Chemist: 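Starting off with a structure, shown below.
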Amino acid sequence: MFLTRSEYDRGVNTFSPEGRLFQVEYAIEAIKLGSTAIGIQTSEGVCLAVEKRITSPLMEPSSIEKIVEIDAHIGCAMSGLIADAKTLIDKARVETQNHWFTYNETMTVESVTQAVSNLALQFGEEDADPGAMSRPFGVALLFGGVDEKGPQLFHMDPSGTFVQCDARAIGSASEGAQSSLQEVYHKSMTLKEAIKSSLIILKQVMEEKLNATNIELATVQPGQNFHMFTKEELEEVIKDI
Amino acid sequence: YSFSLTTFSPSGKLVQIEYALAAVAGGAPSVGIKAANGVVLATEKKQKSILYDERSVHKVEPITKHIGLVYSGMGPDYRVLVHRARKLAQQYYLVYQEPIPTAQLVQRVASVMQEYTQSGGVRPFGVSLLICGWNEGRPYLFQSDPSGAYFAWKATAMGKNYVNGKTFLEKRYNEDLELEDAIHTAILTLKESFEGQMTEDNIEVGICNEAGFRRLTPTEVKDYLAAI
Amino acid sequence: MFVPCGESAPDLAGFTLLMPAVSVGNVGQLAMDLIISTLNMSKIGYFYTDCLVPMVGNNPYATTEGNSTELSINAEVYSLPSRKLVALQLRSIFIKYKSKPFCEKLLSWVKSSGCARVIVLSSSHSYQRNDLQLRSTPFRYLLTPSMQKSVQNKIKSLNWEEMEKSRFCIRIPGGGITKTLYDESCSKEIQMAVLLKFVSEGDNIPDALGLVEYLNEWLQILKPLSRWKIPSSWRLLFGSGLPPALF
Amino acid sequence: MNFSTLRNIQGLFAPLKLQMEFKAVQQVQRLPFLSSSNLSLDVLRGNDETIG
Amino acid sequence: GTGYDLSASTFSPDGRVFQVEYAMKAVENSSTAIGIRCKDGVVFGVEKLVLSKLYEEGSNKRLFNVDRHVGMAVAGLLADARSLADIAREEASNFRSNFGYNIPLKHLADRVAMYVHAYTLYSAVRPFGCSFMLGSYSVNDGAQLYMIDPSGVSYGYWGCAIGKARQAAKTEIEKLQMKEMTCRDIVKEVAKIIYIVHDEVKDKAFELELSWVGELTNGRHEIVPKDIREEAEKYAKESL
Amino acid sequence: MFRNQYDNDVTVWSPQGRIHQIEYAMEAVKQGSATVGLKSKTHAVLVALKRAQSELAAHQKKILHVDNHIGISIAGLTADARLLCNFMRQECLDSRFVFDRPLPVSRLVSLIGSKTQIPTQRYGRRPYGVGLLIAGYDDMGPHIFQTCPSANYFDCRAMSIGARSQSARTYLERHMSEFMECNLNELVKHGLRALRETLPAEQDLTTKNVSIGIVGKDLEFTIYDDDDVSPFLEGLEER
Amino acid sequence: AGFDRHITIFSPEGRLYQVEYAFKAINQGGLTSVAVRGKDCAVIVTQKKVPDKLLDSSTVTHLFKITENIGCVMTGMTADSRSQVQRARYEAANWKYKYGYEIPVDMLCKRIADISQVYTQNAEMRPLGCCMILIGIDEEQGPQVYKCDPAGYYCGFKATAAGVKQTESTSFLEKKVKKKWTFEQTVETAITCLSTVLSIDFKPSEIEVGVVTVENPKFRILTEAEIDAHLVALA
Amino acid sequence: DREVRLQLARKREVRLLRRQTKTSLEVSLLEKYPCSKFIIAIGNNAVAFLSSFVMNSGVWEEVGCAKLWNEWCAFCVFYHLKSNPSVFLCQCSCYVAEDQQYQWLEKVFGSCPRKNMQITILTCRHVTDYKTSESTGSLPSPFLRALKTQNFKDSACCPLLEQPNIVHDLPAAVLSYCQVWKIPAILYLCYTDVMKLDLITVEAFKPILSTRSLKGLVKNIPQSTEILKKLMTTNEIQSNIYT
Amino acid sequence: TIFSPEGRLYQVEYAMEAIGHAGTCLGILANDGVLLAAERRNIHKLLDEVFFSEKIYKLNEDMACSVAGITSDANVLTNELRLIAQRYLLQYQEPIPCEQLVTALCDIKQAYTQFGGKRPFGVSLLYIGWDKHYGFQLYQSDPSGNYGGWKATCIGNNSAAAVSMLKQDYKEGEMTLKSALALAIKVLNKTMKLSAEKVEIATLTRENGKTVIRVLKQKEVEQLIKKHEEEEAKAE
């Protein structure tokens, strides 16, 4: 009948009495400090929209890149610590380019997914050298591409594994964004409807005012390639609201 | 009267080195004297019983043709250091085609000893060494601590009751001392505070000259003890 | 603040207080459990503060079905007016920056209540004193200059060993609040005695038994011999049962 | 006389013990630090009295 | 041994290693198993507890077949016992491949005991938590019985018992005259001892597992036929 | 109270003769949803339950395909499940590609247990935190196997693992006497009825939270999901 | 944490307590060994205890054959002693392979001590709790007796003892050696020393005797009949 | 420096505001209104139970809220019935650290205690925290246990908590305050194997509805059941760590 | 190797505190030379007038250094400095700049405070030398790896008072070797009764396009202290 201290969150190889990995849980919790991103995939393509928050008028908006182009048919959106995602982006680009250069085909989204996920799980490996990564990555990703199987969307978290999805939101306002998406998404909707719904949800969740300078938008289509909207297109789409 | 878990003592020195020195100070006495021509090394080899075999292990060991040494502390550490010293001397002779100078060998041994005072998962050696040599018609005498700090001396002692031995040497040292007189003085210093009867089998004597280093046969030790 | 269990608090003039310390191994707390269980004290009040983490449970010293459903808190006071004894028990841990205020309040209560003397049971780390630990008894004692000369003579007769000074100030690693209590008692001129033991964390029942025997050598609360009633709450000190399909 | 011969003569335990000893001693190893002498490693390997 | 019992590379002030002692204590929370060496063979007996009715009969066996002529009975952690059985199989196969004839039980016991002892010296591993016995028979060698414990000590025996109730089983075995008996009586004696040393209230219903290797089997380790098991169980029940 | 010093590492024995990290790892199996496995004279069936959340956020692969005659279901840690699945796939593919013959289920399970026993004895490692149910068909007939984080495996006539699987286990024990003579339809009905016992008194099985895997004689391993489970779901009675 | 829980930490007085605890671990066996060197022979005598009546007494021994001309007796933990014997055999084989001739007793003892020294300077491994006594005959020196210890210290002796009652055995042997041996006298002296120290009248099945002789330089283990004949001659 | 310590202390303060006017109360909450009954729920399941089975009838008016910051922190809102202003209700869905519990007690209760006030506390704990001679996994979870003060005349609807088990944190703080200051109170514990929002865990609290404290606040069951079933379909999205 | 919650290095702080208990060393830069002055804490009559803890080491023909800390670490660092200088000379056929040598040693010193699991070196240095790029120079170093140039500085025991007196009595562009020696003697006497056998003095200068490094003799030290005593007697 005495109250004593006991801790189980010191290492990554320690189980709690209820069977939990607190270090991995904290790494996952680290994503709540990032901005909100939304990804929707339809029968015509995948739409990605992200919010970039500028903390001072002296900052340059063009210096923030939260949507990148892995290849001509794959795109990605980040949320969390942007410095951590550089290695994963470089690995994906190298894998895709090497496969094309060697065989003259294009890798599948699942293959690029597996290649990226191999590196993100370096912690906990059997014979990993001490000089390599020793902690989970503090970043979450949203992969979207078009393959011969049609449009696809994948999600990754600091846990290290990818899961396919239809409409996912990540970031600080993920709960509200997903709640809004639940009553909007349906299987017969189109790319323009997806873009409009994502912009509406972003405007609803953002604290600032939507003015086509603090957001980014991109789409991938089976016919065309990865395309990122410009200022004029963003203004034209926003003025509809 | 004090136990410390820190790295540096309040006096500004490493705690483990102080503990190793305390271990060294509890060993058998050793005496080294540098004369006008040659160096003499002596030590106490008292055994616990007559059942022992004195012709089995030796405390005075030669490194090369002109270098020898004696210790005061833990035997196994001295044994593991002697082989490394011999290997270093042989490597230097192979590389430079010339016998190694005494100072270089002392420096290398001290570096090896110091290496163990910085790494983790190991402990420092618990020995102190006296090294004698002969180079360019000029004798040498060095002493090294467990931490690897070495100085050149003219007469010194370690082990038990080393302060009284140092006082005795200071009182009875001369700049023009001869080798025979140096041997007599070293034996007298050992005899001081011996708590027993000194024979030719419970002490070891080694000398260095221009002809090299060698360990004295017990008959010669008995002859020297006869004079006293 | 002492809150009586009844309407009016009793008088404690000339009483001696037995107090534990939250130290390594909980040896003082286990010894207090042994003393309270064996001597059969009764609750008289609580010591309500804001320095210990709250906790609650049923009666730790239940001997029958009738009294097995009595609530208990993290700081309680027991007494035996027949032999002029009062005991304090702490079943929790301290919050940050809350030890010195607790010591000050407790010593203020001791001064105001009219108690005669205080005895503290504690413990210290068993690997941090000297080579003298390995070739000597593991029991040490401390005294306050205000202590009576008869107590000092009796202690000298008992042939005990005093805690060594540190270069001179008293240092008790792993002792918790015992050093602060000793310093404040010396400052306020309160008769205090400290009895401790060198231990390590693990199973510490023999340590508690040794400490209570060491105290009994002086206070003589039991018959003089080489016995102690184990409380009923010492049941599952290592946890729950073994899962199946392993052995 | 090698690991295969030792395994065939004595058993699986001897080379395992030798390799565990080697790995335990070799823990003093780092790249960006100064040169080091492997005294214990040479003693265990038995080449502390020969020159390569 | 508080303060000196967190690693296997630490000595107690009185010269003891407490991790190995805890590993050996870890064997005492497992069901007891006995083995008796006879005039012309060795007989094994295990008291096996049933976990649930959803398991197929013949699973969670505690009597292994190391080789064509070696039998094994284990107690303690099951995974450690399985790994040790694999090690023993590998050693026997290697000896067969090299020297061209069946390995004597003494050499196999020595090799496995040394492998077990190799895990009690370093702080990077932990000692095994299982005990086991080996039995064999040959025309030119007779019956053999051995024991290996977590510390790494192996000895030859005339009658052995491991598990939770090894003391009572050993006391019961000491009253036998196994040096002049046969297997057909040793099986019944083993069944009677197992039924005697079983606790009906603390432990639930159990099943009896029996085996031998001996002359009537021509140097092979097999399972007792059903009729003999039934007769032995009936004899044990009527005696108890 | 005294467990603090002995429940942080997997290479430390308790004075009672126990290792608490293995038990803690075994406690992690109940963090996933429930699964049910049962077999008949000629068929083996795996039935799984999907998470109650929406399907838009994540698609869950509870039943996986290992070979033409082996399939598994998982409950626990996704990374450990992925590692074990890759190991089993490599073993089966190597066996086929080299010796032109299928790999026995008992041999595969023994290899899995031997592989999983290793990290429970080394320093700086942790046990696997996943549980498996294995269904296969070979020369000896149908098989159902269960794997534990403690590197223990069992041969079962029927078993259920996951969160709140005690009711399913009780149902399986009660109705286990008639599984051998049942055909495919009744076997799947029994599996679904057993799985339904882990739900609240008002919920019911739906095509969007049920997955089925079937292997047997003259039938390779097949996974039914979404609208493919309608023929099996039809015919079930009210609770 | 602590000067006695670390093998690689000195105490304030300059002591290593783990080595002392390893020395204490030798007495856990409860047996005593005595080795006596003669004019042209060496004799080792140990004490045998087989309390259990269910234990095969033929499998209990403490005398080992390292080489065809080298013997050994071990005191302390059984598994540690067996591991030490295996390591000694491996080292002897390696020396023979590397140098083309059989290893001498002093060289084998030195190699064993050098191996034992490393365990005392690293924190990831512990010393072995056993003591080794080797006997043999040199080509140009005669009989030889050597002894090891967990600390890594070795020396040659005329007579020595290990285990419990070692101090009493040494005190008994000192007077005999000072007073001042044939083959029969060496065995009789060793048996008398053990018997007087243990205060037990010995039986032929209660001790083990191993000898080596200049005439027959191969290690031999005496049989029960020979031990009984020696006991009758002594009495 | 002292400045960083002062800033940290100020960052972890507890404030009792009023969201209608955004002004902090200068007096204790119970010192401003008379009280005869007080029901406190801590955790997701207890809050859901009270919001589904009690707060579905009558008119409840909010009178204040608490604001705090930890590394694990979520709201704390106080209500009282409009028809009966002497009945209060609290719903704490956040975590209160050990250094903020006494601040919470001072803000809510104050330094002046009064009698004639029943207090009921609801919370949940994991089944692994339970101590028993047999295995933890063999217990028929979830189950209910209770602890009472010495002047609680009524009897609990569940067996009292066994001896070697103890409770700490905020419910322990409230029970200790009530025991010290002689206020009748009772604490209900639900040991469950699912600590998220679950239907069975919430339904484990059903026997408390028949007690005298909640006798006059429960009107109809089926509406509460429908509300609870609707509420369970709006749970947060989990991670990819388990499957 | 671990940041404190306030952003400090406890190992480096402990090393600096330990160095704060070592011997006192002095360095003064003049218009025509630079000198070093140290304190001989230990002395015996039986030393062999060589390797007698001579605290003024010679790295090259142009540079010298002084040490306040652990003797073995000092030996290791000095040996490394000698190899670095010889290697640079062999590579470039030109003596190494003093600042480059100091930076090369400081990189090694700093690597130990960031990498591995070894303790940092508890040694502080004081470098004097001449080169064609800047002439006479005087630098300092500490275990953390920081370094900087000075005109007058002191390390060791009671260094604060020595620095204060140096800054009070030091004038830039007006001091020569004699005035520098007198000031050093005064500061050492104030910071330490001083005897002529308890100090070591070394000087650096140029003699017809050649660097000359010398160590003052006992007679010269006695003459200097006698002159200082005469001056202080004349003052009062």
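Computed over heavy atoms, backbone and side chain alike; hydrogens, waters and symmetry mates excluded. Here is how names work: the chains are called A, B, and so on, in the same order as the sequence lines, proteins then strands, and each is numbered from 1.
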Chemist: Looking at every non-hydrogen atom in both residues, tell me the closest pair between A:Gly160 and A:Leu121 and how far apart they are.
Modeler: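 Where A:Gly160 meets A:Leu121 most closely, the heavy atoms are O-CD1, 3.5 Å.
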Chemist: Going through the checks in order, is the side chain to side chain contact (heavy atoms under 4.5 Å, CB included) test met by E:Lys204 and E:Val50?
Modeler: CA-CA 8 Å; E:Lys204 314 309 287 175; E:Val50 290; 5.9 Å; no
Chemist: Could you pull out the closest heavy-atom pair between C:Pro54 and A:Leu3, with the gap in Å?
Modeler: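 The answer is O-CD2, 4.4 Å.
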Chemist: Please examine the side chains of F:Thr11 and F:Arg125, heavy atoms only from C-beta on, and report whether any two atoms are closer than 4.5 Å.
Modeler: no
Chemist: Does any N or O in the side chain of F:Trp13 come within less than 3.5 Å of the main-chain N or O of E:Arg126, such that one atom is a donor and the other an acceptor?
Modeler: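 The answer is no, because no donor-acceptor pair under 3.5 Å joins these two groups.
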Chemist: Between F:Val36 and F:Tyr171, does the side chain to side chain contact (heavy atoms under 4.5 Å, CB included) criterion hold? Intermediate values first, please.
Modeler: CA-CA 11 Å; F:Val36 168; F:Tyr171 178 93; over 6 Å; no
Chemist: What is the distance from atom CG of E:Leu54 to atom OG of F:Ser160, rounded to the nearest 0.5 Å?
Modeler: 9.5 Å
Chemist: A side-chain contact here means heavy atoms from C-beta on lying under 4.5 Å apart; do H:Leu228 and H:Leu199 qualify?
Modeler: yes
Chemist: Whether the side chain of C:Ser68 engages the backbone of C:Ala62 through a donor-acceptor N/O pair (distance < 3.5 Å, no angle test) should be reported.
Modeler: no
Chemist: According to the interplanar angle, ranging from 0 to 90°, do the rings of A:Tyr26 and A:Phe22 count as parallel (below 30°), tilted (30 to 60°) or perpendicular (above 60°)?
Modeler: parallel
Chemist: Please check if any side-chain donor atom of E:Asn60 sits under 3.5 Å from a side-chain acceptor atom of E:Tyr55, or the reverse.
Modeler: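 Checked: E:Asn60/E:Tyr55 side chains show no N/O donor-acceptor pair below 3.5 Å.
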Chemist: Taking the side chain from C:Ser72 and the backbone from C:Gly57, do they hold a donor-acceptor pair closer than 3.5 Å?
Modeler: yes
Chemist: Tell me if a side-chain donor or acceptor on H:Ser52 pairs with a main-chain N or O of H:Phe49 at a distance below 3.5 Å.
Modeler: no
Chemist: Report yes if the side chains of C:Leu52 and C:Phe94 come closer than 4.5 Å at any heavy-atom pair, otherwise no.
Modeler: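 Yes, close enough: below the 4.5 Å cut-off.
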Chemist: Side chains of residues 27-35 of chain F: which donor-acceptor partners sit under 3.5 Å, not counting sequence neighbours?
Modeler:
| from | atom 1 | to | atom 2 | distance (Å) |
| --- | --- | --- | --- | --- |
| F:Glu27 | OE2 | F:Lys30 | NZ | 3.4 |
| F:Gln31 | NE2 | A:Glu18 | O | 3.2 |
| F:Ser33 | OG | F:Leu49 | O | 2.8 |
| F:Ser33 | OG | F:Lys62 | NZ | 2.2 |

Chemist: Between H:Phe143 and H:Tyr130, does the ring centre distance come in under 6.0 Å?
Modeler: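 Yes, close enough.
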Chemist: Working to the nearest 0.5 angstrom, can you tell me the gap between H:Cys124 SG and H:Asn44 CG?
Modeler: 9.0 Å
Chemist: Enter the distance from A:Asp9:CG to A:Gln23:CD here, rounded to the nearest 0.5 Å.
Modeler: 6.5 Å
Chemist: Rounded to the nearest 0.5 Å, what's the gap from OH on H:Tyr177 to OG1 on H:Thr149? Could you check?
Modeler: 13.5 Å
Chemist: Indicate the atoms forming the closest heavy-atom contact of H:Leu170 with H:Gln101, along with that distance.
Modeler: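 Looking at all heavy atoms of both residues, the shortest contact is CD1-CG, 3.8 Å.
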Chemist: Quick check against the 3.5 Å criterion: does E:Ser30 have a side-chain atom that pairs as donor or acceptor with the backbone of C:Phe247?
Modeler: yes
Chemist: Can you tell if the side chain of C:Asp33 reaches within under 4.5 Å of the side chain of A:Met1, non-hydrogen atoms only?
Modeler: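 C:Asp33 does not reach A:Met1 side chain to side chain.
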Chemist: So F:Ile134 and F:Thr147, side chain to side chain contact (heavy atoms under 4.5 Å, CB included) or not? Walk me through it.
Modeler: CA-CA 8 Å; F:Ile134 301 153; F:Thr147 313; 3.8 Å; yes
Chemist: Could you pull out the closest heavy-atom pair between E:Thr2 and C:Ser200, with the gap in Å?
Modeler: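 Here E:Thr2 and C:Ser200 meet closest at CG2-O, 3.5 Å.
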Chemist: Taking the side chain as C-beta and beyond, is there a heavy-atom pair between H:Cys90 and H:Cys76 under 4.5 Å?
Modeler: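 Side chain of H:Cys90 against side chain of H:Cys76, heavy atoms only: contact under 4.5 Å found.
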Chemist: Side chains of C:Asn58 and H:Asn165, heavy atoms from C-beta outward: is any pair under 4.5 Å?
Modeler: no
Chemist: Would you indicate whether the side-chain heavy atoms of A:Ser6 and F:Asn4 approach each other to under 4.5 Å?
Modeler: yes
Chemist: What I want to find out is whether H:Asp99 reaches C:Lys96 closely enough, with some N-O distance under 4.0 Å, to be called a salt bridge.
Modeler: no
Chemist: Is the ring pair F:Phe2/C:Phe238 parallel, tilted or perpendicular, if the boundaries are 30 and 60 degrees?
Modeler: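 It falls in the perpendicular class, over 60°.
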Chemist: Can you name the side-chain hydrogen bond (donor to acceptor under 3.5 Å, both in side chains) partners of C:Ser233, sequence neighbours left out?
Modeler: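 Not a single residue meets the side-chain hydrogen bond (donor to acceptor under 3.5 Å, both in side chains) criterion with C:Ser233.
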Chemist: What pair of heavy atoms forms the shortest contact from H:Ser239 to A:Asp157, and how long is it?
Modeler: CB-OD2, 3.9 Å
Chemist: Using 4.0 Å as the upper bound for N to carboxylate O, is an ion pair formed by H:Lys131 and H:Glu162?
Modeler: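 Here H:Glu162 does not pair with H:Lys131 in a salt bridge, since their nearest N and O are not under 4.0 Å apart.
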Chemist: If we count only N and O atoms by modelled type, under 3.5 Å, do the side chains of C:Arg235 and H:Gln163 hold a donor and an acceptor together?
Modeler: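 Side chains of C:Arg235 and H:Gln163: no pair found under 3.5 Å.
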Chemist: With a 4.5 Å limit on heavy-atom distance, are the side chains of C:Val53 and C:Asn74 in contact?
Modeler: no
Chemist: When you look at A:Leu21 and F:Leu77, which way does the side chain to side chain contact (heavy atoms under 4.5 Å, CB included) test go after all the steps?
Modeler: CA-CA 10 Å; A:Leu21 300 164; F:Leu77 284 174; 4.2 Å; yes
Chemist: Is the closest side-chain donor-acceptor distance between F:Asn152 and F:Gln146 under 3.5 Å?
Modeler: no
Chemist: Got more than 12 heavy atoms from elsewhere within 6.0 Å of CD, A:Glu29?
Modeler: no
Chemist: So, the side chain of C:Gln29 versus the backbone of C:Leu90: is there a donor-acceptor pair under 3.5 Å, distance only?
Modeler: yes
Chemist: Testing the 3.5 Å rule here: is there a donor-acceptor pair between the side chains of F:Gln53 and H:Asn235?
Modeler: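 No, because no side-chain N or O of F:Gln53 sits under 3.5 Å from a partner of the opposite role on H:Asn235.
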Chemist: Using only atom types and a distance under 3.5 Å, with no angle test, would you say the side chain of E:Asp203 pairs donor to acceptor with the backbone of E:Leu49?
Modeler: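 No: the side chain of E:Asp203 does not pair with the backbone of E:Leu49.
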Chemist: Once rounded to the nearest 0.5 Å, what's the spacing between atom SG of F:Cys148 and atom CZ of F:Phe154?
Modeler: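 Going from the SG atom of F:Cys148 to the CZ atom of F:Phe154 covers 6.0 Å.
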Chemist: Could you grab the distance from atom CZ of F:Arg164 to atom OG of H:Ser141, nearest 0.5 Å is fine?
Modeler: 7.0 Å
Chemist: For the backbone of F:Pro119 and the side chain of F:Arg126, can you confirm whether one donor and one acceptor N or O come within less than 3.5 Å of each other?
Modeler: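 Between the backbone of F:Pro119 and the side chain of F:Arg126 there is no qualifying donor-acceptor contact (under 3.5 Å).
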Chemist: Closest heavy-atom contact between H:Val174 and H:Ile40?
Modeler: CG1-CD1, 4.3 Å
Chemist: Under 3.5 Å, is there a donor-acceptor pair between the side chain of F:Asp9 and the main chain of F:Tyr123?
Modeler: no
Chemist: Whether the side chain of F:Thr198 engages the backbone of F:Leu195 through a donor-acceptor N/O pair (distance < 3.5 Å, no angle test) should be reported.
Modeler: yes
Chemist: Taking atom types as modelled, find out whether H:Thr201 and H:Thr192 have a side-chain donor-acceptor pair closer than 3.5 angstrom.
Modeler: yes
